[PDB]
$ cat upload.tsv   # TSV, C-alpha atoms
chain	number	residue	atom	x	y	z
A	1	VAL	CA	300.54	203.60	148.82
A	2	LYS	CA	301.76	201.37	145.98
A	3	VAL	CA	305.26	200.87	144.53
A	4	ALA	CA	306.51	202.43	141.29
A	5	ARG	CA	307.69	199.14	139.80
A	6	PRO	CA	306.58	195.82	141.37
A	7	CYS	CA	309.17	193.15	142.12
A	8	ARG	CA	309.11	189.61	140.70
A	9	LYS	CA	306.37	187.21	141.80
A	10	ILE	CA	307.04	185.61	145.18
A	11	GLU	CA	305.56	182.14	144.79
A	12	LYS	CA	307.13	180.12	147.58
A	13	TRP	CA	307.63	181.72	150.96
A	14	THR	CA	307.23	180.89	154.64
A	15	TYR	CA	308.09	181.98	158.16
A	16	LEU	CA	310.61	180.96	160.80
A	17	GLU	CA	309.60	181.64	164.38
A	18	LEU	CA	312.45	181.89	166.88
A	19	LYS	CA	310.95	181.40	170.32
A	20	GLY	CA	311.60	183.83	173.16
A	21	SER	CA	310.75	183.96	176.82
A	22	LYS	CA	307.02	184.58	176.27
A	23	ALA	CA	305.30	182.44	173.62
A	24	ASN	CA	303.87	184.23	170.55
A	25	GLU	CA	300.25	183.81	169.40
A	26	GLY	CA	298.47	184.37	166.11
A	27	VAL	CA	301.59	184.16	163.95
A	28	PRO	CA	300.06	182.56	160.85
A	29	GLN	CA	297.17	185.05	160.86
A	30	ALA	CA	299.73	187.83	160.98
A	31	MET	CA	301.68	186.27	158.11
A	32	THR	CA	298.47	186.24	156.08
A	33	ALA	CA	297.68	189.87	156.86
A	34	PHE	CA	301.28	190.73	156.03
A	35	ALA	CA	301.04	189.13	152.58
A	36	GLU	CA	297.67	190.81	151.99
A	37	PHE	CA	299.24	194.18	152.72
A	38	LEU	CA	302.16	193.52	150.43
A	39	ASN	CA	299.75	192.65	147.63
A	40	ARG	CA	297.76	195.81	148.28
A	41	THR	CA	300.91	197.86	147.75
A	42	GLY	CA	301.52	195.98	144.51
A	43	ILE	CA	304.10	193.47	145.64
A	44	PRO	CA	303.11	190.15	144.05
A	45	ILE	CA	303.56	187.87	147.05
A	46	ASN	CA	301.47	184.70	147.24
A	47	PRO	CA	298.77	185.18	149.91
A	48	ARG	CA	299.24	181.49	150.73
A	49	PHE	CA	302.42	180.57	152.62
A	50	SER	CA	303.79	177.06	153.05
A	51	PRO	CA	303.45	176.10	156.71
A	52	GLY	CA	306.02	177.85	158.82
A	53	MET	CA	308.34	176.44	161.45
A	54	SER	CA	308.73	177.35	165.11
A	55	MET	CA	311.82	176.52	167.11
A	56	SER	CA	313.93	177.82	169.96
A	57	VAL	CA	317.48	178.96	169.16
A	58	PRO	CA	320.00	176.08	169.45
A	59	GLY	CA	323.34	176.23	171.26
A	60	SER	CA	325.56	176.20	168.17
A	61	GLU	CA	325.44	177.79	164.74
A	62	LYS	CA	325.82	174.41	163.06
A	63	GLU	CA	322.72	173.13	164.86
A	64	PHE	CA	320.77	176.16	163.70
A	65	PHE	CA	321.88	175.70	160.09
A	66	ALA	CA	321.03	172.02	160.27
A	67	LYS	CA	317.54	172.87	161.53
A	68	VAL	CA	316.72	175.54	158.95
A	69	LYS	CA	318.37	173.92	155.95
A	70	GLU	CA	315.32	172.45	154.27
A	71	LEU	CA	313.03	175.41	154.89
A	72	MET	CA	315.59	177.91	153.57
A	73	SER	CA	316.64	175.80	150.58
A	74	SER	CA	313.05	175.27	149.42
A	75	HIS	CA	311.61	178.80	149.51
A	76	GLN	CA	312.21	182.08	147.73
A	77	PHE	CA	311.55	184.00	150.91
A	78	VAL	CA	311.48	183.66	154.68
A	79	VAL	CA	310.05	186.03	157.26
A	80	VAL	CA	311.99	185.41	160.47
A	81	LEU	CA	310.50	186.49	163.80
A	82	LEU	CA	313.11	187.08	166.49
A	83	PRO	CA	312.06	186.78	170.16
A	84	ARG	CA	313.85	190.00	171.07
A	85	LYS	CA	316.22	192.46	169.49
A	86	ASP	CA	319.26	190.19	169.69
A	87	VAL	CA	322.08	190.82	167.22
A	88	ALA	CA	323.84	187.53	167.85
A	89	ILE	CA	320.77	185.75	166.53
A	90	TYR	CA	320.14	188.33	163.81
A	91	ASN	CA	323.69	187.82	162.64
A	92	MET	CA	323.36	184.06	162.67
A	93	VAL	CA	320.16	184.19	160.64
A	94	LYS	CA	321.81	186.48	158.06
A	95	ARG	CA	324.78	184.15	157.75
A	96	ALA	CA	322.39	181.25	157.22
A	97	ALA	CA	320.18	183.00	154.66
A	98	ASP	CA	322.55	185.34	152.80
A	99	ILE	CA	325.57	183.03	152.71
A	100	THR	CA	324.93	179.38	153.30
A	101	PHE	CA	321.51	178.64	151.82
A	102	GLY	CA	320.97	181.72	149.68
A	103	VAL	CA	317.43	182.88	150.39
A	104	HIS	CA	316.00	186.33	151.02
A	105	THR	CA	314.86	186.96	154.53
A	106	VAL	CA	313.43	189.72	156.58
A	107	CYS	CA	314.11	189.77	160.30
A	108	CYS	CA	311.33	191.23	162.41
A	109	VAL	CA	311.01	191.34	166.16
A	110	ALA	CA	308.02	189.18	166.99
A	111	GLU	CA	306.42	191.66	169.37
A	112	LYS	CA	306.38	194.32	166.62
A	113	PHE	CA	305.18	192.03	163.84
A	114	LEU	CA	302.34	190.60	165.93
A	115	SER	CA	301.30	193.83	167.71
A	116	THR	CA	298.03	195.04	166.20
A	117	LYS	CA	298.52	198.73	166.98
A	118	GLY	CA	300.99	200.30	164.52
A	119	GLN	CA	301.27	197.05	162.57
A	120	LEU	CA	300.34	198.51	159.19
A	121	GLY	CA	303.23	201.00	159.22
A	122	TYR	CA	305.71	198.31	160.12
A	123	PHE	CA	304.29	196.12	157.35
A	124	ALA	CA	304.73	199.09	155.03
A	125	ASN	CA	308.45	199.27	155.86
A	126	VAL	CA	309.09	195.56	155.61
A	127	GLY	CA	307.17	195.58	152.36
A	128	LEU	CA	309.37	198.37	150.99
A	129	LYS	CA	312.34	196.15	151.74
A	130	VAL	CA	310.74	193.12	150.15
A	131	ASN	CA	309.96	195.05	146.97
A	132	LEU	CA	313.57	196.16	146.70
A	133	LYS	CA	315.15	192.80	147.52
A	134	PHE	CA	313.17	191.25	144.66
A	135	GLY	CA	314.06	193.83	142.05
A	136	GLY	CA	311.39	196.51	142.13
A	137	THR	CA	311.42	200.27	142.59
A	138	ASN	CA	309.63	202.06	145.44
A	139	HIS	CA	309.61	205.79	144.54
A	140	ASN	CA	309.63	207.82	141.34
A	141	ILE	CA	311.33	211.22	141.20
A	142	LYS	CA	308.94	213.80	139.74
A	143	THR	CA	311.71	215.93	138.31
A	144	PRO	CA	315.04	214.26	137.52
A	145	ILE	CA	318.15	216.37	136.81
A	146	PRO	CA	318.59	216.52	132.99
A	147	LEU	CA	321.73	214.40	133.42
A	148	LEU	CA	319.95	211.42	135.06
A	149	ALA	CA	316.81	211.82	133.02
A	150	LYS	CA	318.47	210.99	129.71
A	151	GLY	CA	319.32	207.57	131.14
A	152	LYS	CA	322.99	207.92	130.23
A	153	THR	CA	324.51	208.07	133.70
A	154	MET	CA	325.63	205.29	136.04
A	155	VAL	CA	325.98	206.01	139.74
A	156	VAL	CA	328.40	204.09	141.95
A	157	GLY	CA	329.24	204.15	145.65
A	158	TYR	CA	331.97	202.34	147.55
A	159	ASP	CA	333.67	202.34	150.91
A	160	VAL	CA	336.84	200.56	152.13
A	161	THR	CA	337.07	199.22	155.70
A	162	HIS	CA	340.67	198.38	156.72
A	163	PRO	CA	339.60	196.44	159.82
A	164	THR	CA	343.03	195.01	160.68
A	165	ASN	CA	345.08	195.84	163.73
A	166	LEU	CA	348.16	197.74	162.57
A	167	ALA	CA	351.12	197.17	164.84
A	168	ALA	CA	354.90	196.65	165.00
A	169	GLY	CA	355.73	198.92	162.07
A	170	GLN	CA	353.33	197.03	159.81
A	171	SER	CA	352.79	199.18	156.66
A	172	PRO	CA	349.38	200.95	156.48
A	173	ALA	CA	348.98	200.65	152.71
A	174	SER	CA	349.67	196.91	152.75
A	175	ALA	CA	347.11	196.55	155.56
A	176	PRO	CA	344.19	194.19	154.85
A	177	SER	CA	340.97	195.92	153.86
A	178	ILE	CA	337.43	195.06	152.71
A	179	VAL	CA	335.66	196.86	149.87
A	180	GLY	CA	331.91	197.40	149.59
A	181	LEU	CA	330.49	198.64	146.28
A	182	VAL	CA	327.01	199.32	144.87
A	183	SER	CA	325.91	200.73	141.52
A	184	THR	CA	322.79	201.57	139.50
A	185	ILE	CA	321.75	199.56	136.46
A	186	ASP	CA	319.22	201.88	134.81
A	187	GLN	CA	317.67	205.32	134.46
A	188	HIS	CA	315.16	204.56	137.25
A	189	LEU	CA	317.69	204.28	140.12
A	190	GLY	CA	315.70	201.79	142.17
A	191	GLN	CA	318.09	198.86	141.96
A	192	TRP	CA	321.63	199.03	143.39
A	193	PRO	CA	323.47	195.70	143.07
A	194	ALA	CA	326.46	195.20	145.35
A	195	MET	CA	329.94	193.68	145.29
A	196	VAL	CA	332.14	192.95	148.29
A	197	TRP	CA	335.71	191.75	148.43
A	198	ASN	CA	338.89	191.32	150.42
A	199	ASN	CA	342.26	192.93	149.84
A	200	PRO	CA	344.61	190.77	151.91
A	201	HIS	CA	347.66	192.88	150.97
A	202	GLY	CA	345.75	196.14	150.88
A	203	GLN	CA	346.52	198.42	147.96
A	204	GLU	CA	348.48	195.70	146.18
A	205	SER	CA	345.32	193.60	146.20
A	206	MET	CA	343.09	196.58	145.39
A	207	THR	CA	345.27	197.18	142.39
A	208	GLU	CA	344.91	193.57	141.39
A	209	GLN	CA	341.11	193.36	141.62
A	210	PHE	CA	339.46	196.74	141.17
A	211	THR	CA	339.68	197.06	137.40
A	212	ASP	CA	337.98	193.71	136.86
A	213	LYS	CA	335.41	194.38	139.56
A	214	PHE	CA	334.35	197.70	138.02
A	215	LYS	CA	334.38	196.02	134.66
A	216	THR	CA	331.59	193.82	135.99
A	217	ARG	CA	329.50	196.90	136.91
A	218	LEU	CA	329.81	198.31	133.42
A	219	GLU	CA	328.80	194.93	132.05
A	220	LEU	CA	325.85	194.80	134.40
A	221	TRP	CA	324.64	198.21	133.17
A	222	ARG	CA	325.08	197.43	129.45
A	223	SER	CA	323.19	194.12	129.47
A	224	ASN	CA	320.11	195.74	131.01
A	225	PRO	CA	317.32	195.73	128.38
A	226	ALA	CA	316.37	199.25	129.50
A	227	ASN	CA	319.71	200.65	128.34
A	228	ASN	CA	319.74	198.98	124.90
A	229	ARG	CA	323.36	197.78	124.86
A	230	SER	CA	324.53	201.29	125.78
A	231	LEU	CA	327.54	201.71	128.05
A	232	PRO	CA	326.87	204.67	130.33
A	233	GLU	CA	328.23	207.93	128.90
A	234	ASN	CA	328.74	209.33	132.41
A	235	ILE	CA	329.71	207.85	135.75
A	236	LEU	CA	329.21	209.53	139.10
A	237	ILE	CA	331.26	207.95	141.87
A	238	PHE	CA	330.97	208.36	145.64
A	239	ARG	CA	333.82	207.23	147.91
A	240	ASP	CA	333.23	207.02	151.65
A	241	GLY	CA	335.65	206.50	154.50
A	242	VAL	CA	338.43	208.94	153.57
A	243	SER	CA	340.03	211.77	155.55
A	244	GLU	CA	341.07	214.91	153.62
A	245	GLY	CA	344.56	213.38	153.35
A	246	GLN	CA	343.61	210.10	151.74
A	247	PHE	CA	342.03	212.15	148.98
A	248	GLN	CA	345.29	211.85	147.12
A	249	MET	CA	345.31	208.11	147.57
A	250	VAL	CA	341.84	207.84	146.08
A	251	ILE	CA	342.80	209.99	143.14
A	252	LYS	CA	346.14	208.31	142.56
A	253	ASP	CA	345.56	204.70	143.62
A	254	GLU	CA	341.90	204.08	142.84
A	255	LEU	CA	340.45	206.29	140.14
A	256	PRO	CA	343.03	205.09	137.60
A	257	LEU	CA	341.79	201.50	138.06
A	258	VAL	CA	338.30	202.60	137.09
A	259	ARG	CA	339.78	204.38	134.11
A	260	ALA	CA	341.53	201.15	133.16
A	261	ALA	CA	338.30	199.18	133.41
A	262	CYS	CA	336.62	201.69	131.11
A	263	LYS	CA	339.52	201.60	128.68
A	264	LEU	CA	339.05	197.81	128.60
A	265	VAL	CA	335.33	197.88	127.92
A	266	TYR	CA	334.58	201.06	125.96
A	267	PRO	CA	335.00	201.72	122.25
A	268	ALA	CA	338.34	203.48	121.68
A	269	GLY	CA	338.26	207.22	122.44
A	270	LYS	CA	334.67	206.94	123.67
A	271	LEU	CA	335.47	206.48	127.36
A	272	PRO	CA	332.75	207.98	129.59
A	273	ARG	CA	333.06	211.12	131.63
A	274	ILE	CA	333.68	210.54	135.29
A	275	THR	CA	333.10	212.56	138.41
A	276	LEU	CA	334.57	211.49	141.73
A	277	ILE	CA	333.03	212.79	144.95
A	278	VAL	CA	333.94	211.74	148.49
A	279	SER	CA	331.47	211.50	151.38
A	280	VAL	CA	332.73	211.91	154.96
A	281	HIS	CA	329.56	217.13	153.47
A	282	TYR	CA	330.66	216.04	150.00
A	283	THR	CA	333.83	217.05	148.20
A	284	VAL	CA	334.25	216.80	144.45
A	285	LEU	CA	337.73	215.49	143.67
A	286	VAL	CA	337.23	215.18	139.90
A	287	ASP	CA	334.54	216.52	137.56
A	288	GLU	CA	334.27	215.96	133.82
A	289	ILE	CA	330.49	216.03	133.71
A	290	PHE	CA	328.99	218.95	135.62
A	291	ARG	CA	331.21	221.90	134.71
A	292	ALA	CA	331.19	220.86	131.05
A	293	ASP	CA	327.40	220.72	130.82
A	294	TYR	CA	326.24	223.28	133.42
A	295	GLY	CA	329.04	225.86	133.74
A	296	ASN	CA	328.59	228.09	136.80
A	297	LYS	CA	325.48	226.20	137.89
A	298	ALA	CA	327.43	222.95	138.17
A	299	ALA	CA	327.71	222.78	141.97
A	300	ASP	CA	324.02	223.57	142.44
A	301	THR	CA	323.00	221.09	139.74
A	302	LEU	CA	324.86	218.36	141.57
A	303	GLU	CA	323.41	219.37	144.94
A	304	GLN	CA	319.97	219.28	143.35
A	305	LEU	CA	320.89	215.93	141.78
A	306	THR	CA	321.91	214.42	145.11
A	307	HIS	CA	318.77	215.86	146.62
A	308	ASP	CA	316.74	214.07	143.94
A	309	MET	CA	318.73	210.97	144.95
A	310	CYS	CA	317.86	211.11	148.64
A	311	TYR	CA	314.28	210.62	147.36
A	312	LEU	CA	314.68	206.84	147.77
A	313	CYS	CA	322.97	209.80	150.56
A	314	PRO	CA	322.00	206.51	148.87
A	315	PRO	CA	325.13	205.50	146.96
A	316	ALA	CA	327.41	206.07	149.94
A	317	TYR	CA	324.90	204.85	152.50
A	318	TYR	CA	324.20	201.68	150.58
A	319	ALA	CA	327.93	201.08	150.20
A	320	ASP	CA	328.29	201.43	153.99
A	321	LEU	CA	325.44	198.96	154.49
A	322	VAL	CA	327.22	196.57	152.18
A	323	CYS	CA	330.41	196.83	154.24
A	324	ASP	CA	328.54	196.35	157.53
A	325	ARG	CA	326.79	193.27	156.18
A	326	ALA	CA	330.15	191.96	154.99
A	327	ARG	CA	331.35	192.37	158.58
A	328	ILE	CA	328.41	190.22	159.66
A	329	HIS	CA	329.13	187.61	156.95
A	330	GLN	CA	332.80	187.08	157.87
A	331	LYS	CA	332.28	185.71	161.38
A	332	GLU	CA	335.47	183.66	161.50
A	333	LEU	CA	337.57	186.74	160.88
A	334	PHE	CA	335.93	189.02	163.41
A	335	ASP	CA	335.77	186.30	166.06
A	336	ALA	CA	339.47	185.80	165.51
A	337	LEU	CA	340.09	189.53	165.82
A	338	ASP	CA	338.23	189.59	169.14
A	339	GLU	CA	340.78	187.13	170.49
A	340	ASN	CA	344.28	187.13	168.97
A	341	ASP	CA	343.90	190.52	167.29
A	342	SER	CA	346.16	189.08	164.56
A	343	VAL	CA	345.19	186.95	161.56
A	344	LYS	CA	347.20	185.36	158.76
A	345	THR	CA	346.70	186.98	155.35
A	346	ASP	CA	345.69	183.58	153.93
A	347	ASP	CA	343.05	183.47	156.63
A	348	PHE	CA	341.84	186.91	155.50
A	349	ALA	CA	341.53	185.74	151.91
A	350	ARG	CA	339.77	182.45	152.56
A	351	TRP	CA	337.47	183.99	155.14
A	352	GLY	CA	336.61	186.49	152.45
A	353	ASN	CA	335.66	183.64	150.15
A	354	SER	CA	333.67	181.79	152.84
A	355	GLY	CA	331.70	184.89	153.79
A	356	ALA	CA	330.67	185.81	150.26
A	357	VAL	CA	326.98	186.26	149.47
A	358	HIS	CA	325.34	183.15	147.99
A	359	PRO	CA	325.10	183.23	144.16
A	360	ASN	CA	321.29	183.08	144.38
A	361	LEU	CA	321.43	186.60	145.78
A	362	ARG	CA	324.48	187.81	143.85
A	363	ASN	CA	323.07	190.93	142.14
A	364	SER	CA	320.31	191.54	144.66
A	365	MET	CA	319.73	194.13	147.36
A	366	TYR	CA	320.15	191.53	150.12
A	367	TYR	CA	321.78	194.19	152.27
A	368	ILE	CA	318.70	196.37	152.38
$ encode --input "upload.tsv" --output "structure tokens"
Amino acid sequence: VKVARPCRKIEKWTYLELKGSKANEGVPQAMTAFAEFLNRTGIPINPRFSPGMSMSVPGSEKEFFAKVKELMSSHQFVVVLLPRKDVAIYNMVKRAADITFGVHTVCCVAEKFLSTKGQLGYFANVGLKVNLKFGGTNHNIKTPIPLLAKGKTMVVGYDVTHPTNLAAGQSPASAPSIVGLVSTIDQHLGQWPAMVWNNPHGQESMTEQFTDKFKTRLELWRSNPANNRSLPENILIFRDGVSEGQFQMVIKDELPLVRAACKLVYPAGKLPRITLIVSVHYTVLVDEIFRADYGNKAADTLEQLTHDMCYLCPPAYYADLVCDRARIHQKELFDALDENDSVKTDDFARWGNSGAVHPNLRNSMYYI
């Protein structure tokens, strides 16, 4: 089963074998079969890999980085075989590849990759990921809701973490938080570029950054050849992570920042229609799109729309994945929170900068 839209050519790739208790055999043959399968599904990966590297996992993260630096810096892609399902090592590999060196990776447990029985299905899944990471689309929806069809609607999802420890009367709103955001860039809905960021003073920082951040999403959509310099006319927005209470906060302290970004980018009086929905069922907080166009059938048109979306819920799920990966990226912060439970706001900010995805991967689905 092929892919709807093939990713970019993958010319230079290799493998990194992290040794476990039992030694692996047949790895390069497996890498070859892997690449063959990807090609068969229409992913243009070079059948030929540059010779891979095998090593055991070093004691420190700096040693690891030092060992993988040249391999990771010189390839577009690395398939990493872990010796066992070990999230310390997974997390280290992702910090190395996503952050420090900036190269796409897939992490596969060696036993699963090398196991002949069931191998093709696993290769199918990894291949789906590879196709997305490199810009392609996997599935086509047979019947898109009129509203998505026209190619005039941008979909956005974000979630906000708040992983501080609140104590001693510390204000909740001022509490440090992390935002994860994804959005679509075309009518096809395959690609969902992400943004992450830190709010060291919470809502004060959200207020300072959100307008400009959303502004980048609008700019990303408009500069896509597919859309022909069109700003989306509609914007559907999913917010995760909020209790029924915080609904007011989202409406009052977040949605206006999006409105401001639109006011900054859009022709005067031509601002797009916006619908805000929160996931955590789904609850529509604001709708300018569905009632307008579909009257009584609005609700069902949106439930059909979000059903069409599940075809690949994605905006909210992807945003969560983005947050989780951010949590993996910012090791200094979480290590500190395991110990002291308290961290300086300046530490929050600079650890946000240090744990930012490498620019090589900036608009990519690295989190997938």
$ residues_near_point --input "upload.tsv" --point "(321.1, 198.7, 135.7)" --cutoff "10 Å" --atoms "all atoms listed in the file" --output "mmCIF file with C-alpha atoms, in the frame of the given file"
data_model
loop_
_atom_site.group_PDB
_atom_site.id
_atom_site.type_symbol
_atom_site.label_atom_id
_atom_site.label_comp_id
_atom_site.auth_asym_id
_atom_site.auth_seq_id
_atom_site.Cartn_x
_atom_site.Cartn_y
_atom_site.Cartn_z
ATOM 1 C CA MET A 154 325.630 205.290 136.040
ATOM 2 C CA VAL A 155 325.980 206.010 139.740
ATOM 3 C CA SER A 183 325.910 200.730 141.520
ATOM 4 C CA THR A 184 322.790 201.570 139.500
ATOM 5 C CA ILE A 185 321.750 199.560 136.460
ATOM 6 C CA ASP A 186 319.220 201.880 134.810
ATOM 7 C CA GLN A 187 317.670 205.320 134.460
ATOM 8 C CA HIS A 188 315.160 204.560 137.250
ATOM 9 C CA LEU A 189 317.690 204.280 140.120
ATOM 10 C CA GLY A 190 315.700 201.790 142.170
ATOM 11 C CA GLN A 191 318.090 198.860 141.960
ATOM 12 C CA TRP A 192 321.630 199.030 143.390
ATOM 13 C CA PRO A 193 323.470 195.700 143.070
ATOM 14 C CA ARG A 217 329.500 196.900 136.910
ATOM 15 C CA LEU A 218 329.810 198.310 133.420
ATOM 16 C CA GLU A 219 328.800 194.930 132.050
ATOM 17 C CA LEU A 220 325.850 194.800 134.400
ATOM 18 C CA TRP A 221 324.640 198.210 133.170
ATOM 19 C CA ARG A 222 325.080 197.430 129.450
ATOM 20 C CA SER A 223 323.190 194.120 129.470
ATOM 21 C CA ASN A 224 320.110 195.740 131.010
ATOM 22 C CA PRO A 225 317.320 195.730 128.380
ATOM 23 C CA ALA A 226 316.370 199.250 129.500
ATOM 24 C CA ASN A 227 319.710 200.650 128.340
ATOM 25 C CA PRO A 232 326.870 204.670 130.330
#
$ closest_residue --input "upload.tsv" --among "A:43, A:93, A:235, A:309" --to "residue A:126" --atoms "only C-alpha atoms"
A:43
$ residues_around --input "upload.tsv" --residues "residue A:177" --least-positions-apart "5" --cutoff "9 Å" --atoms "all atoms listed in the file" --output "list in words"
residues 160, 161, 162, 163, 164, 197, 198, 199, 200, 201, 202, 203 and 206 of chain A
$ closest_residue --input "upload.tsv" --among "A:342, A:195, A:10, A:134" --to "residue A:168" --atoms "all atoms listed in the file"
A:342
$ closest_residue --input "upload.tsv" --among "A:89, A:132, A:18, A:74" --to "residue A:61" --atoms "all atoms listed in the file"
A:89
$ residues_around --input "upload.tsv" --residues "residue A:255" --least-positions-apart "6" --cutoff "12 Å" --atoms "all atoms listed in the file" --output "ChimeraX atom specification"
/A:158,206-207,210-211,214,235-239,247-249,261-262,274-278,285-286
$ closest_residue --input "upload.tsv" --among "A:241, A:165, A:281, A:7" --to "residue A:339" --atoms "all atoms listed in the file"
A:165
$ residues_around --input "upload.tsv" --residues "residue A:324" --least-positions-apart "6" --cutoff "12 Å" --atoms "all atoms listed in the file" --output "MDAnalysis selection string"
chainID A and resid 91 94 159:161 163 178:181 196 317:318 330:331 334 367:368
$ atom_distance --input "upload.tsv" --atom1 "atom CA of residue A:357" --atom2 "atom CA of residue A:82"
22.0 Å
$ closest_residue --input "upload.tsv" --among "A:302, A:71, A:326, A:3" --to "residue A:140" --atoms "only C-alpha atoms"
A:3
$ atom_distance --input "upload.tsv" --atom1 "atom CA of residue A:333" --atom2 "atom CA of residue A:156"
27.3 Å
$ atom_distance --input "upload.tsv" --atom1 "atom CA of residue A:267" --atom2 "atom CA of residue A:146"
24.6 Å
$ closest_residue --input "upload.tsv" --among "A:9, A:62, A:112, A:19" --to "residue A:38" --atoms "all atoms listed in the file"
A:9
